[PDB]
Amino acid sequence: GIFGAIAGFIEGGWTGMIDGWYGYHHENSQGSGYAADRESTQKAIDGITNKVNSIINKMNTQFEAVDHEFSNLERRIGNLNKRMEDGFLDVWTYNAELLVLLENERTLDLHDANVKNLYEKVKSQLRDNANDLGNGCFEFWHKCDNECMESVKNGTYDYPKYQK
């Protein structure tokens, strides 16, 4: 991605985490496990559901062709009608396909950005108390149990305590 996260410095994804889009794999004395960041995940979900619903909403009109017949001496107006129907058809096809391609790219960039922002959200809390491997993993210097990992997860990590 353009934020470098997805398929970048975080080279791969976890088929283990099945309860969200973005999350965590911790590792300590009580054992490891996967758990998703429901906050940023739900933000992305609402945003994207909104994007899709907005698109479907803006696409809710229909140009309508007709079964109208034109005689032998009505060549011109018949061809006029055909040209019109075709024309509108062309513009709606274009609008559709283009909008799809564009929005797809931007959506992927969005996910990438969310991952990067989460990584930064973490790195801003733990500064000296851990070791940045550079691949989205941080190796503690001190110890961290369950109510320790949980504090980081709900964004309330007390840095001064573990700085010593």
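Start at 1 and count along the sequence shown; that's the residue number.
(Q) Test of understanding: from the entry's C-alpha B-factors, which stretch has the higher mean, 137-145 or 6-14? (A) The entry gives the higher C-alpha B-factor average to 137-145.
Q | Of 96-104 and 38-46, the stretch whose C-alpha atoms average the higher B-factor in the entry | A | That would be 38-46.
Q: Specify which of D67, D132, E64, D112 carries the largest Cα B factor in the deposited PDB entry.
A: Among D67, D132, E64, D112, the PDB entry lists the largest C-alpha B-factor for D132.
(Q) What third of the chain does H26 rank in for C-alpha temperature factor, lowest, middle or highest? (A) Highest third, going by the recorded CA B-factors of the chain.
Q: Would you please rank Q125 by its C-alpha temperature factor against the other modelled residues of its chain and give the third it falls in: lowest, middle or highest?
A: Highest third of the chain for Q125's C-alpha B-factor.
Q: Please place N117 in the lowest, middle or highest third of its chain by C-alpha B factor as given in the entry.
A: Answer is middle: the recorded C-alpha B-factor places it there.
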